[PDB]
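Read the structure below first, then the notes.
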Amino acid sequence: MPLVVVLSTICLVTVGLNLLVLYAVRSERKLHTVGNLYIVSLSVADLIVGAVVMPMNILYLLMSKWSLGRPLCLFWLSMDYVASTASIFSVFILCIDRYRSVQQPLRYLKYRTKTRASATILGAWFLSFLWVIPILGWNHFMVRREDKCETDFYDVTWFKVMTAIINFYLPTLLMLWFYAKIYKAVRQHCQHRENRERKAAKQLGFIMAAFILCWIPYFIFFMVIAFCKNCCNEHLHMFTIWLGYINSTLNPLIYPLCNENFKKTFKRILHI
Amino acid sequence: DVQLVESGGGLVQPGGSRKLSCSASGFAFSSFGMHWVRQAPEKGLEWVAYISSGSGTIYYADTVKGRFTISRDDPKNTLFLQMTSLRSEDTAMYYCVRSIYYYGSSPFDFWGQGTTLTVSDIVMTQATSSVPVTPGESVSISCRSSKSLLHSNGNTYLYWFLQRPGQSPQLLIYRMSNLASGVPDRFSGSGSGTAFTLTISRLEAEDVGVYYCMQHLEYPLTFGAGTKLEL
Amino acid sequence: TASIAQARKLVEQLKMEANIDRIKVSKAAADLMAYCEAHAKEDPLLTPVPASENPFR
Amino acid sequence: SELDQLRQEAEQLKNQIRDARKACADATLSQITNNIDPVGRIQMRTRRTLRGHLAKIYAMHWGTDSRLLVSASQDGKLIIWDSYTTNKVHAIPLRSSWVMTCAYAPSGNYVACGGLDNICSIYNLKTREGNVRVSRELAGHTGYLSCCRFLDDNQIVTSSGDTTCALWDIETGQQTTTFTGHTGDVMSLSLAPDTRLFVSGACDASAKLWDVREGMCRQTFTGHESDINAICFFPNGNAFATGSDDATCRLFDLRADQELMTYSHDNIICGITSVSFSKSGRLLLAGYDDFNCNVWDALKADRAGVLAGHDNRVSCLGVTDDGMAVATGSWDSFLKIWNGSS
Amino acid sequence: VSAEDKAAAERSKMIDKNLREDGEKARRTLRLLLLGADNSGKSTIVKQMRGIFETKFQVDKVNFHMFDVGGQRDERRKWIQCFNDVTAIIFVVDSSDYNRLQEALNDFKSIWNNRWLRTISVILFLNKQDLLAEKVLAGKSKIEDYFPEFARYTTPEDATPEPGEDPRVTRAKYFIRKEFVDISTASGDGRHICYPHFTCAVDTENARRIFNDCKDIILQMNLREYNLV
Ligand SMILES: CC(C)CCC[C@@H](C)[C@H]1CC[C@H]2[C@@H]3CC=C4C[C@@H](O)CC[C@]4(C)[C@H]3CC[C@]12C
Ligand SMILES: CC(C)CCC[C@@H](C)[C@H]1CC[C@H]2[C@@H]3CC=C4C[C@@H](O)CC[C@]4(C)[C@H]3CC[C@]12C
Ligand SMILES: CC(C)CCC[C@@H](C)[C@H]1CC[C@H]2[C@@H]3CC=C4C[C@@H](O)CC[C@]4(C)[C@H]3CC[C@]12C
Ligand SMILES: CC(C)CCC[C@@H](C)[C@H]1CC[C@H]2[C@@H]3CC=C4C[C@@H](O)CC[C@]4(C)[C@H]3CC[C@]12C
Ligand SMILES: CC(C)CCC[C@@H](C)[C@H]1CC[C@H]2[C@@H]3CC=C4C[C@@H](O)CC[C@]4(C)[C@H]3CC[C@]12C
Ligand SMILES: NCCc1c[nH]cn1
C-alpha cells in the first residue's frame, strides 16, 4: 500500500511534466523551432506511458493476478511496447538532429525544413507501432497463464536478441558515437574562441547516463530471461520496467528544462 | 483582355460521354473559382458545378451529381467538365463562369461565350415572364425567394444578371446592392429579406434582354425564371 | 558662398513664421476640451459599446 | 561679415518667436482640464490576433471602411487583412523586403509601401486580372522611405530619410512639390483631416507644419530632446501629438503655435514608436519599446490604461475611422485588435 | 458562415500555405550587412565574390545574401534597427590610411556598442594589405605619428606571420588588428564575437573566409540552444 502512494506520485509527475511541455510549445511562438518538434514527439511518448501504461502497471502490483481481462492485457502490452520504443527512437532522432546541426551547421540548414523533420518523427513512430504485430500476431505466425500478462514471445531467444539490438543496443552505440563527435566539436569550438568544456560534459553526461542507466537493466534482463527460462524473477522484472518508466519522467527535466526558451516559458505559465 | 472560350460541345447519343473544355486567358486563372452554368433552349439558367481555387472544394447540382466531373488544370489554365450517361435533359448551352471570393469581391463577373450540347434548395421566383418597355422610361423587375437571403453577417446574397439576345449573361448587381464593374449607374438594386427589386432608370436599347436573379446564400445556386424586356 | 546663401533662406523662413497670428493657450485648450466633450458619446474606445453593437465580439 | 550678421538676425527672430509664444501662454492645458472628471480605467481586450507574418511588422494602416487593414513586414510581404474574420484578403510580395511604411488609399483601390529601397511603390488592388500588381514606383528620394500617406487615388505624400518630404502625382510619377527644411531624417508624417496641411517629425527633434498646396513650412514645433518617431493629428485638425525616443509624448497646438501638454512617466525610459488618437480625441494611444502600449488621457495627461499583449517592440498602431477598435503591430510578428466591453 | 465566407476562408488558407513556403526559403539563406567607409574598398570585395545594393553569392551550395546601404551620411542610427537579426556584419576598413583609422575605430565602436546590434557578430576585414605593405616598406610615413602607443608595442609571441613577410610589416599589421579587437573585448559578454582578417584588393579567398566565420556563428547558435555552451 505505501508503495502505491510513491508510484502514484511518479505517474502524476510524469503526466504533469509532459502536459506542461506539450502546451508550452503551443502557446509560445519562440518554441516553434525545428529542433523542438523532436522534443514534442519525445514528450508525447512519455505522456502515453504516464497516462496509459503507468496506471495499469500500478494496478498490476496491487493485485498480482491480471484482473483487467485477456483483451485488455494485450492492449496494455501494445501501449507499453509502442510508447517505450517511440520514446527511445525519439531520443535517437533528436540526437541525429543535434549531430548534423553541429558537424555541418551551414550545410544542414537547407535540410532542416520542418517538412523533413516531421517525416523523421513519423518514421520513428511508424517503427514503434511495428511492435503490435508480434504482440498480437505471434500465434498466427509462430507457457501462458491467465494471472500474468506476459507477452507470448517472452520465452523466445532468437527474436528477443534480434529485437533488443534494434530497439536499444544499436541506437545506443550510435548515440554514444554521435555525442562523442559532438563533444569533439564543442571542445574544439571553445578552444578556438579561448575548463569551460565542463558545461558540455555535464549536459552530455546527464543526457546519456540517464538514458543508459534507466534502460540498460531492462534490456539486459530482456535477453537473459530467454537464455535460462527460469532465471527470471517477477519482482526483478517489475523493477526493470519501472526504471524504464522513470526515463519518461526524466525526459522533461533533461531536454526541455535545459533549454533557455522553455525555461522562460515554463516560468511564465506557472506564475500566470 | 479577360477571355473564357468553351469547346467540346456537340450532338451526342443518349447514354454517351462528352468532355467540355474552358480555356482561360488574360487573368490569373488559379486565383479564381470556376462554375459551370447551363441554359436549356428557351429556358432559364441552371447552375451545374463548382470547383474552388486550389481544387479543394467541389460542388455539383443534384440533377448531375454522380454523372458529371469538374476539374481544372492550373498550369494550362484549362477548366474541364467530364460528362457521362448523358440524358435528353442535358441538352443546353454550357457557360464557363469565373468567380473569386474575398471580402468585397464580385463573383460571377465574367462568363464565357458557351458551348452547345445536344442529346438525341431555395426557390427563386420571377413571376413576370415578360415586360413591355419603352426607351427612356424607368422599369422595375421583381424577384422573390422562399428563404431570407440576408445572412447574419449583413450580406444579402442576391445577384442580378442580364443576358442580351445572342450574348452570354453579364453581372449587373452583386449582393443585392453593389454595382458590377463596367455597368452604368442607371441600374440600381434594392431589396429586403425575401423581396428584391432591380430598378433601371432611363432604359436604353442595350438594356433589352432577359434578367435573372440568382441566390448565393448556399448551394445549390438557383436562378429565377427570368424577366424578358421587349420594346 | 554656400553658407551665405543658406543663411538668407533660413532668415527669410523665420520671418514668415514670426508673422503668424497666435491665439491664447486658454482659447486653444477650450477648443480641444469642447471637441472631446461633444464627441465623447460616439467614441467606442472611450465608452465601450454593448456586445451586440461590437463587430469584434 | 555678412554671414555673421545674418546668423545674428536669426537668433533675434528666434527670440521674437519665443517671446511671442510666451506672451500667449496665459494658462496651461492642465489647469484648464483640471475640473473635468477623469476617463477612469480603460480596459481593452485582444479581440483578434492576426497571424501569418513571419518577421518583424514595421507598419500597418486601416482602410476607411474600418474592416480592412494593410500591414507591412520585413519578410517582404504586404498583407491585407479582413479584421472581422481574420481572413487574409491579399498577400503582396515586395521586391525589396526592407519595407518601413505602408498606406491604405481612402478609396480602398490602392495600397502603398516603401523602405530602404528609396522607392514608394503603388499597388492596384482592383484589377480585371484578379491579382495585385505594381502600378507605380515613385523614385526621387535619396534616402529611405519612412512614411507615406495618400491624399487621393492620384496624390500621395512621402517622408524620407534625406530630410525632405515630397508630394507626388501618381499618374505622372513625378513629385510636384518638395518640402525641405528639416535638418535630420524625417521619420513620420500625419495628414490633416481636410488634407490641406500635414505635420512631419524628424530626427532634429522638431515638428514642422506644411501647407500642401502652397508648399512651404508654416510653423516649426520644438521641445523634444531626441528624434521624433511618431506624429498624429488631433481629430479636429487644430493640434497634433508627437512621440520621441526621450520617452515623452507632447501635444502641440497649431493656432497657439506651442506645446500644450507632456505625456511622460518616471517608469517609462524607452522610446516611443507610434501614436494615435481615439475618435473623440480624448485618448492618446502610444506604442513603446518596452513591449507595451500606454493609453493616455489627452486632456489630463493621465495614463488611462495599458495594452500588454506583445513579446517584442510595438512598432506601429492605428485606430479605425469609426473609432471601434485599435490595431497594434509588433516585432513579434503579430497584429492584435483591441477594444473595451461594457 | 455563408457560402461566400467559406470560399473566402479557403482563399485565406491558401495564402497561409504560400506564406509558409516563403518563410522556409528565408531560413536557408544567411543575411550579411556590409558596412564600411568610402575608402574601405567594400565594393571590391563584393564584386570579386560575385537604395540598397543586394548581392547573392553561393559557397559550397550555401546561399549568402549581402546588403550594402549606400548613400546618406554617418547618421545611420535609424535604419540600423532593420538589421537586428542578420547572421553577421561585414565591416571593412582601410589599414593603409593611418589618418582615418581613428574614424574607423570610432565607427567600429558605435556598431559594436549599438543597442540594436548586441547579438550580431562582426566579420572584420582589414582591406588593402598589399598597399599597407608597400606603405610600410617605403617608410615615408610612420604609424607612431598618429598612434603614440605604437612605439611601445611589441609583436606577441603567439603571432604567426606568413612566410616572406617583413617583421616590420607584421609588427604594424598586428597593431592595427589589436586596436579593433581591444574594442570588441571591452563589452559584449560573449554574445557576439569579432573575426578580424587581412585581405587585399586581388584576394580570391574572401568568400570562404566569410563562409568559415559564418559557420562558427551558426555553430555557436546551435550549441547555446542545446545548453552545450
Ligand atoms: C492521452 C494520450 C494517452 C493519448 C495521446 C494524446 C495525443 C494524441 C495528443 C495529446 C497531446 C497532443 C499534442 C499537443 C501538442 C502538439 C504540438 C503541436 O505543435 C502539434 C500537435 C501536437 C503534437 C499534439 C498532437 C496530438 C497530441 C499528442
Ligand atoms: C534497423 C537497423 C538494421 C538499421 C538502423 C538504421 C540506422 C542505423 C541508419 C539509417 C539512417 C542512418 C542515418 C542517415 C543519415 C545520417 C546523417 C549523417 O550525417 C550521419 C549519419 C546518419 C545520422 C545516419 C546514422 C545511421 C542511420 C540512422
Ligand atoms: C497511440 C497513439 C495515440 C500514438 C500517436 C502517435 C502519432 C500519431 C503522433 C504522436 C506525435 C505526433 C507528431 C508530433 C509532431 C509533429 C510535427 C508537426 O509539424 C506535424 C505533425 C507531427 C509529425 C505529429 C504527427 C502525429 C504524431 C506522430
Ligand atoms: C535506430 C533505428 C532502428 C530506427 C531509427 C529511426 C530513424 C532514425 C530513421 C528510420 C526511418 C528514417 C526516415 C525514413 C524516411 C525519411 C523521409 C526522407 O524524405 C528523409 C529521411 C527520412 C526522414 C528518414 C530519417 C531517419 C529515419 C526516421
Ligand atoms: C523519484 C525517486 C523516488 C525514484 C526512486 C526510484 C526507486 C527507488 C523506486 C521507484 C520504483 C520503485 C520500485 C517499484 C516496483 C517494485 C516492484 C516490487 O515488487 C518491489 C519494489 C519495487 C522494485 C520498487 C523498488 C523501489 C523503486 C525502484
Ligand atoms: N517497458 C518497455 C517495453 C519495451 C519497449 N520496447 C521493448 N520493450
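Labeling convention for the C-alpha cells: chains A, B, ... as they appear, residues from 1 per chain, ligands from 1 in order of appearance.
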
8 Å contact set for segment 61-77 of chain A, only C-alpha atoms, chain neighbours under 6 positions out, as a VMD selection string
chain A and resid 1 4 52 to 53 135 to 136 146 to 149 151

Would you save the residues from that selection as a PDB file, in the first residue's frame, using N, CA and C atoms?
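Output file out01.pdb is given in full below:
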```
ATOM      1  N   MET A   1       0.802  -1.222   0.000  1.00  0.00           N
ATOM      2  CA  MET A   1       0.000   0.000   0.000  1.00  0.00           C
ATOM      3  C   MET A   1       0.845   1.288   0.000  1.00  0.00           C
ATOM      4  N   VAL A   4       2.310   1.967  -3.449  1.00  0.00           N
ATOM      5  CA  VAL A   4       1.398   2.507  -4.455  1.00  0.00           C
ATOM      6  C   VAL A   4       1.351   4.027  -4.373  1.00  0.00           C
ATOM      7  N   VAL A  52      -1.393   5.965 -19.775  1.00  0.00           N
ATOM      8  CA  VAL A  52      -1.963   4.649 -20.042  1.00  0.00           C
ATOM      9  C   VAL A  52      -1.136   3.551 -19.387  1.00  0.00           C
ATOM     10  N   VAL A  53       0.161   3.517 -19.691  1.00  0.00           N
ATOM     11  CA  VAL A  53       0.992   2.387 -19.289  1.00  0.00           C
ATOM     12  C   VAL A  53       1.188   2.364 -17.777  1.00  0.00           C
ATOM     13  N   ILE A 135       3.093  -8.765 -30.892  1.00  0.00           N
ATOM     14  CA  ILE A 135       2.311  -8.909 -29.668  1.00  0.00           C
ATOM     15  C   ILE A 135       0.993  -9.618 -29.953  1.00  0.00           C
ATOM     16  N   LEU A 136       0.322  -9.249 -31.042  1.00  0.00           N
ATOM     17  CA  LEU A 136      -0.989  -9.797 -31.370  1.00  0.00           C
ATOM     18  C   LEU A 136      -0.928 -10.975 -32.331  1.00  0.00           C
ATOM     19  N   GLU A 146      -3.335 -17.183 -17.059  1.00  0.00           N
ATOM     20  CA  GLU A 146      -4.257 -16.051 -17.059  1.00  0.00           C
ATOM     21  C   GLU A 146      -3.856 -14.984 -16.048  1.00  0.00           C
ATOM     22  N   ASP A 147      -3.224 -15.382 -14.939  1.00  0.00           N
ATOM     23  CA  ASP A 147      -2.870 -14.419 -13.901  1.00  0.00           C
ATOM     24  C   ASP A 147      -1.871 -13.385 -14.406  1.00  0.00           C
ATOM     25  N   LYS A 148      -0.882 -13.815 -15.181  1.00  0.00           N
ATOM     26  CA  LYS A 148       0.151 -12.914 -15.666  1.00  0.00           C
ATOM     27  C   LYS A 148      -0.234 -12.315 -17.016  1.00  0.00           C
ATOM     28  N   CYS A 149       0.401 -11.190 -17.341  1.00  0.00           N
ATOM     29  CA  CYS A 149       0.178 -10.513 -18.612  1.00  0.00           C
ATOM     30  C   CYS A 149       1.484 -10.442 -19.394  1.00  0.00           C
ATOM     31  N   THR A 151       4.112 -11.298 -22.505  1.00  0.00           N
ATOM     32  CA  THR A 151       3.995 -11.443 -23.947  1.00  0.00           C
ATOM     33  C   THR A 151       4.160 -12.903 -24.352  1.00  0.00           C
TER      34      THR A 151
END
```

Give as a list in words every residue of chain B that touches chain E within 7 Å, counting only C-alpha atoms.
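The contacting residues on chain B are residues 101, 102, 216, 217 and 218 of chain B.
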
For those residues, write N, CA, C and O atoms to a file as a PDB file, in the first residue's frame.
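As a result, result04.pdb now contains:
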```
ATOM      1  N   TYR B 101     -13.549  34.871 -54.587  1.00  0.00           N
ATOM      2  CA  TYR B 101     -14.237  35.087 -53.318  1.00  0.00           C
ATOM      3  C   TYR B 101     -13.271  35.654 -52.288  1.00  0.00           C
ATOM      4  O   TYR B 101     -12.397  34.941 -51.788  1.00  0.00           O
ATOM      5  N   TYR B 102     -13.439  36.933 -51.980  1.00  0.00           N
ATOM      6  CA  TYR B 102     -12.840  37.564 -50.817  1.00  0.00           C
ATOM      7  C   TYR B 102     -13.746  38.722 -50.433  1.00  0.00           C
ATOM      8  O   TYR B 102     -14.728  39.012 -51.120  1.00  0.00           O
ATOM      9  N   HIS B 216     -26.865  33.286 -53.846  1.00  0.00           N
ATOM     10  CA  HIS B 216     -25.595  32.672 -53.489  1.00  0.00           C
ATOM     11  C   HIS B 216     -25.492  32.443 -51.986  1.00  0.00           C
ATOM     12  O   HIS B 216     -24.386  32.372 -51.445  1.00  0.00           O
ATOM     13  N   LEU B 217     -26.633  32.328 -51.304  1.00  0.00           N
ATOM     14  CA  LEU B 217     -26.621  32.078 -49.867  1.00  0.00           C
ATOM     15  C   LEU B 217     -26.063  30.698 -49.554  1.00  0.00           C
ATOM     16  O   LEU B 217     -25.315  30.529 -48.585  1.00  0.00           O
ATOM     17  N   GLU B 218     -26.420  29.701 -50.357  1.00  0.00           N
ATOM     18  CA  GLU B 218     -25.987  28.333 -50.120  1.00  0.00           C
ATOM     19  C   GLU B 218     -26.095  27.557 -51.422  1.00  0.00           C
ATOM     20  O   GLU B 218     -26.761  27.985 -52.367  1.00  0.00           O
TER      21      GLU B 218
END
```

Residues within 6 Å of ligand 3, counting only C-alpha atoms and all ligand atoms: report them as a VMD selection string.
chain A and resid 37 40 to 41 44 118 121 to 122 125

For the residues in that selection, give me N, CA and C atoms as a PDB file, in the first residue's frame.
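The new file again13.pdb reads:
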```pdb
ATOM      1  N   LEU A  37      10.433  20.184 -32.437  1.00  0.00           N
ATOM      2  CA  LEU A  37       9.497  19.165 -32.898  1.00  0.00           C
ATOM      3  C   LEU A  37       9.854  17.801 -32.327  1.00  0.00           C
ATOM      4  N   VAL A  40       8.794  17.652 -28.782  1.00  0.00           N
ATOM      5  CA  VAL A  40       7.356  17.415 -28.697  1.00  0.00           C
ATOM      6  C   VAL A  40       7.056  15.932 -28.869  1.00  0.00           C
ATOM      7  N   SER A  41       7.689  15.298 -29.858  1.00  0.00           N
ATOM      8  CA  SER A  41       7.477  13.871 -30.079  1.00  0.00           C
ATOM      9  C   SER A  41       7.941  13.050 -28.883  1.00  0.00           C
ATOM     10  N   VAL A  44       5.336  13.297 -26.122  1.00  0.00           N
ATOM     11  CA  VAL A  44       4.097  12.587 -26.431  1.00  0.00           C
ATOM     12  C   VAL A  44       4.200  11.130 -25.999  1.00  0.00           C
ATOM     13  N   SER A 118       9.271  16.419 -39.696  1.00  0.00           N
ATOM     14  CA  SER A 118       8.023  15.710 -39.429  1.00  0.00           C
ATOM     15  C   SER A 118       8.054  14.305 -40.013  1.00  0.00           C
ATOM     16  N   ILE A 121       9.928  12.240 -37.583  1.00  0.00           N
ATOM     17  CA  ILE A 121       9.102  11.901 -36.428  1.00  0.00           C
ATOM     18  C   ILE A 121       8.116  10.797 -36.780  1.00  0.00           C
ATOM     19  N   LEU A 122       7.485  10.894 -37.952  1.00  0.00           N
ATOM     20  CA  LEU A 122       6.564   9.848 -38.385  1.00  0.00           C
ATOM     21  C   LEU A 122       7.289   8.523 -38.586  1.00  0.00           C
ATOM     22  N   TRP A 125       7.837   6.861 -35.202  1.00  0.00           N
ATOM     23  CA  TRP A 125       6.614   6.298 -34.641  1.00  0.00           C
ATOM     24  C   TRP A 125       6.096   5.131 -35.470  1.00  0.00           C
TER      25      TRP A 125
END
```

All residues within 12 Å of ligand 1 are required, counting only C-alpha atoms and all ligand atoms; please report them as a PyMOL selection string.
chain A and resi 14-16+18-55+76+79-80+82-83+114+118+121-122+125

Could you save those same residues with N, CA and C atoms as a short mmCIF file (atom, residue, chain, number, x, y, z; two decimals), in the first residue's frame?
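Once everything was written out, this is selection-v4.cif:
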```cif
data_model
loop_
_atom_site.label_atom_id
_atom_site.label_comp_id
_atom_site.auth_asym_id
_atom_site.auth_seq_id
_atom_site.Cartn_x
_atom_site.Cartn_y
_atom_site.Cartn_z
N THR A 14 4.80 12.42 -14.08
CA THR A 14 5.06 12.17 -15.49
C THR A 14 4.01 12.81 -16.38
N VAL A 15 2.74 12.69 -16.01
CA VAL A 15 1.67 13.30 -16.81
C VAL A 15 1.75 14.82 -16.72
N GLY A 16 2.00 15.35 -15.52
CA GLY A 16 2.04 16.80 -15.36
C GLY A 16 3.17 17.44 -16.13
N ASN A 18 4.88 16.26 -18.75
CA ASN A 18 4.78 16.11 -20.20
C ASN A 18 3.64 16.94 -20.77
N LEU A 19 2.55 17.11 -20.03
CA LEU A 19 1.48 18.00 -20.48
C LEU A 19 1.95 19.45 -20.49
N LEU A 20 2.74 19.85 -19.50
CA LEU A 20 3.26 21.21 -19.45
C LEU A 20 4.17 21.50 -20.63
N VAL A 21 5.01 20.54 -21.00
CA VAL A 21 5.91 20.72 -22.14
C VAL A 21 5.11 20.84 -23.44
N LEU A 22 4.09 19.99 -23.60
CA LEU A 22 3.32 19.99 -24.85
C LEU A 22 2.57 21.30 -25.04
N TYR A 23 1.98 21.84 -23.97
CA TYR A 23 1.21 23.07 -24.09
C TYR A 23 2.11 24.30 -24.24
N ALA A 24 3.30 24.27 -23.64
CA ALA A 24 4.20 25.41 -23.74
C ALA A 24 4.62 25.66 -25.18
N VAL A 25 4.81 24.59 -25.95
CA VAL A 25 5.14 24.75 -27.37
C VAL A 25 3.99 25.40 -28.12
N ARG A 26 2.76 24.99 -27.81
CA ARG A 26 1.59 25.53 -28.50
C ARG A 26 1.43 27.02 -28.23
N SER A 27 1.57 27.44 -26.97
CA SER A 27 1.30 28.83 -26.61
C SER A 27 2.39 29.76 -27.15
N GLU A 28 3.65 29.40 -26.96
CA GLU A 28 4.76 30.29 -27.29
C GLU A 28 5.20 30.08 -28.73
N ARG A 29 5.41 31.19 -29.45
CA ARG A 29 5.85 31.13 -30.83
C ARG A 29 7.36 30.99 -30.96
N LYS A 30 8.12 31.41 -29.95
CA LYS A 30 9.57 31.23 -29.97
C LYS A 30 9.97 29.77 -29.82
N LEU A 31 9.05 28.90 -29.42
CA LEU A 31 9.30 27.48 -29.25
C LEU A 31 8.92 26.67 -30.47
N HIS A 32 8.60 27.32 -31.59
CA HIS A 32 8.20 26.64 -32.81
C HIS A 32 9.38 26.35 -33.73
N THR A 33 10.57 26.16 -33.17
CA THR A 33 11.74 25.82 -33.97
C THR A 33 11.67 24.36 -34.40
N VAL A 34 12.51 24.02 -35.38
CA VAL A 34 12.53 22.65 -35.90
C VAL A 34 13.05 21.69 -34.84
N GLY A 35 14.01 22.13 -34.03
CA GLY A 35 14.57 21.26 -33.01
C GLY A 35 13.60 20.92 -31.90
N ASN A 36 12.57 21.74 -31.71
CA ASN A 36 11.57 21.47 -30.68
C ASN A 36 10.50 20.49 -31.14
N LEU A 37 10.43 20.18 -32.44
CA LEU A 37 9.50 19.16 -32.90
C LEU A 37 9.85 17.80 -32.33
N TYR A 38 11.15 17.48 -32.28
CA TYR A 38 11.58 16.21 -31.71
C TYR A 38 11.30 16.16 -30.21
N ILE A 39 11.44 17.29 -29.52
CA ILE A 39 11.12 17.34 -28.10
C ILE A 39 9.63 17.11 -27.89
N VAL A 40 8.79 17.65 -28.78
CA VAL A 40 7.36 17.42 -28.70
C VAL A 40 7.06 15.93 -28.87
N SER A 41 7.69 15.30 -29.86
CA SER A 41 7.48 13.87 -30.08
C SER A 41 7.94 13.05 -28.88
N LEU A 42 9.06 13.44 -28.27
CA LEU A 42 9.55 12.73 -27.10
C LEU A 42 8.57 12.82 -25.93
N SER A 43 7.98 13.99 -25.72
CA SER A 43 7.06 14.16 -24.61
C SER A 43 5.73 13.46 -24.86
N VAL A 44 5.34 13.30 -26.12
CA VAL A 44 4.10 12.59 -26.43
C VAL A 44 4.20 11.13 -26.00
N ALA A 45 5.32 10.48 -26.33
CA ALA A 45 5.50 9.08 -25.96
C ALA A 45 5.53 8.91 -24.45
N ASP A 46 6.19 9.82 -23.74
CA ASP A 46 6.22 9.75 -22.29
C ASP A 46 4.85 10.05 -21.68
N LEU A 47 4.05 10.90 -22.33
CA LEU A 47 2.70 11.14 -21.85
C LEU A 47 1.85 9.88 -21.96
N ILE A 48 1.99 9.13 -23.05
CA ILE A 48 1.25 7.89 -23.21
C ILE A 48 1.66 6.89 -22.14
N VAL A 49 2.94 6.86 -21.78
CA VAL A 49 3.40 5.98 -20.71
C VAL A 49 2.74 6.37 -19.39
N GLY A 50 2.75 7.66 -19.07
CA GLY A 50 2.15 8.11 -17.83
C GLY A 50 0.64 7.97 -17.82
N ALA A 51 -0.01 8.28 -18.94
CA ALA A 51 -1.47 8.28 -18.98
C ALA A 51 -2.05 6.87 -19.05
N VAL A 52 -1.39 5.97 -19.78
CA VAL A 52 -1.96 4.65 -20.04
C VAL A 52 -1.14 3.55 -19.39
N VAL A 53 0.16 3.52 -19.69
CA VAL A 53 0.99 2.39 -19.29
C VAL A 53 1.19 2.36 -17.78
N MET A 54 1.51 3.51 -17.18
CA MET A 54 1.77 3.55 -15.75
C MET A 54 0.57 3.17 -14.89
N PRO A 55 -0.63 3.74 -15.07
CA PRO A 55 -1.73 3.38 -14.16
C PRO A 55 -2.11 1.91 -14.21
N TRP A 76 -2.53 -3.32 -23.16
CA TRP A 76 -1.51 -2.72 -22.30
C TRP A 76 -0.11 -3.03 -22.80
N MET A 79 0.53 -0.80 -25.82
CA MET A 79 0.83 0.56 -25.40
C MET A 79 2.18 0.65 -24.70
N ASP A 80 2.51 -0.35 -23.88
CA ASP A 80 3.80 -0.35 -23.20
C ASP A 80 4.95 -0.46 -24.18
N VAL A 82 4.93 0.07 -27.63
CA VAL A 82 4.99 1.12 -28.65
C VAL A 82 5.47 2.43 -28.05
N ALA A 83 4.92 2.82 -26.91
CA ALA A 83 5.29 4.10 -26.31
C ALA A 83 6.74 4.11 -25.85
N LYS A 114 11.03 21.90 -41.52
CA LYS A 114 10.04 21.22 -40.70
C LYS A 114 9.36 20.07 -41.43
N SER A 118 9.27 16.42 -39.70
CA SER A 118 8.02 15.71 -39.43
C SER A 118 8.05 14.31 -40.01
N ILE A 121 9.93 12.24 -37.58
CA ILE A 121 9.10 11.90 -36.43
C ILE A 121 8.12 10.80 -36.78
N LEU A 122 7.48 10.89 -37.95
CA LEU A 122 6.56 9.85 -38.39
C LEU A 122 7.29 8.52 -38.59
N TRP A 125 7.84 6.86 -35.20
CA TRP A 125 6.61 6.30 -34.64
C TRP A 125 6.10 5.13 -35.47
#
```

Only residues of chain D matter here; which ones have an atom within 7 Å of chain C, counting only C-alpha atoms? Give them as a PyMOL selection string.
chain D and resi 3+6-7+10+13+17+24-29+32+47+84+218-219+255-257+278-282+323-325+339-342

Name each residue within 8 Å of ligand 4, counting only C-alpha atoms and all ligand atoms, as a PyMOL selection string.
chain A and resi 89+92-93+96+116-124+127+166-168+170-171

How would you report the residues lying within 6 Å of ligand 6, as a list in words, if you count only C-alpha atoms and all ligand atoms?
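Those residues are residues 80, 81, 84, 85 and 241 of chain A.
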
Distance cut-off 9 Å, counting only C-alpha atoms - which residues of chain E neighbour chain D? Return them as number ranges by chain.
E: 8-9, 11-13, 15-16, 19-20, 22-23, 26, 51-53, 69, 71-72, 75, 78-79, 82

Considering only C-alpha atoms, return as a short mmCIF file (atom, residue, chain, number, x, y, z; two decimals) with N, CA and C atoms, in the first residue's frame whatever protein or nucleic-acid residues lie within 10 Å of residue 171 of chain E, sequence-local ones (same chain, fewer than 6 positions apart) excluded.
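Saved as out_29.cif:
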```
data_model
loop_
_atom_site.label_atom_id
_atom_site.label_comp_id
_atom_site.auth_asym_id
_atom_site.auth_seq_id
_atom_site.Cartn_x
_atom_site.Cartn_y
_atom_site.Cartn_z
N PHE E 150 52.06 52.94 -30.55
CA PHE E 150 52.74 52.02 -31.46
C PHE E 150 54.24 51.95 -31.20
N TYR E 153 54.81 49.14 -28.67
CA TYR E 153 54.12 47.90 -28.98
C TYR E 153 55.11 46.87 -29.50
N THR E 154 55.03 45.65 -28.97
CA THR E 154 55.88 44.55 -29.38
C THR E 154 55.02 43.41 -29.89
N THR E 155 55.47 42.76 -30.96
CA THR E 155 54.70 41.69 -31.57
C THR E 155 54.58 40.52 -30.60
N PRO E 156 53.37 40.02 -30.34
CA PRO E 156 53.22 38.90 -29.41
C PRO E 156 53.89 37.64 -29.94
N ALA E 159 51.91 35.35 -32.28
CA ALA E 159 51.71 35.72 -33.67
C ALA E 159 52.39 34.72 -34.60
N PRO E 161 53.28 35.07 -38.34
CA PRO E 161 53.34 35.79 -39.62
C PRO E 161 53.53 34.84 -40.79
#
```

Residues of chain B within 12 Å of chain D, only C-alpha atoms counted, as number ranges by chain:
B: 1-3, 24-33, 98-107, 109-110, 153, 180-182

Might you pull out every residue within 9 Å of residue 210 of chain A, with only C-alpha atoms counted and same-chain residues fewer than 3 positions away left off, and present them as JSON, numbers by chain?
{"A": [205, 206, 207, 213, 214, 215, 247, 250, 251, 254]}

Which protein, DNA or RNA residues have an atom within 8 Å of ligand 5, counting only C-alpha atoms and all ligand atoms, as an mmCIF file with C-alpha atoms, in the first residue's frame?
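For reference, part.cif as written:
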```
data_model
loop_
_atom_site.group_PDB
_atom_site.id
_atom_site.type_symbol
_atom_site.label_atom_id
_atom_site.label_comp_id
_atom_site.auth_asym_id
_atom_site.auth_seq_id
_atom_site.Cartn_x
_atom_site.Cartn_y
_atom_site.Cartn_z
ATOM 1 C CA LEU A 3 4.494 1.632 -2.410
ATOM 2 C CA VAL A 6 5.037 6.508 -4.150
ATOM 3 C CA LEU A 7 4.292 5.081 -7.600
ATOM 4 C CA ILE A 10 5.558 9.283 -10.175
ATOM 5 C CA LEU A 61 1.130 -4.524 -8.399
ATOM 6 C CA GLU A 234 8.769 -11.254 -11.315
ATOM 7 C CA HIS A 235 9.955 -8.922 -8.548
ATOM 8 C CA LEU A 236 13.111 -8.090 -10.509
ATOM 9 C CA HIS A 237 11.206 -7.869 -13.803
ATOM 10 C CA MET A 238 8.855 -5.224 -12.402
ATOM 11 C CA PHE A 239 11.901 -3.360 -11.073
ATOM 12 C CA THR A 240 13.483 -3.116 -14.529
ATOM 13 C CA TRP A 242 9.815 0.818 -13.670
ATOM 14 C CA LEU A 243 13.336 2.114 -14.302
ATOM 15 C CA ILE A 246 11.445 6.723 -14.857
#
```
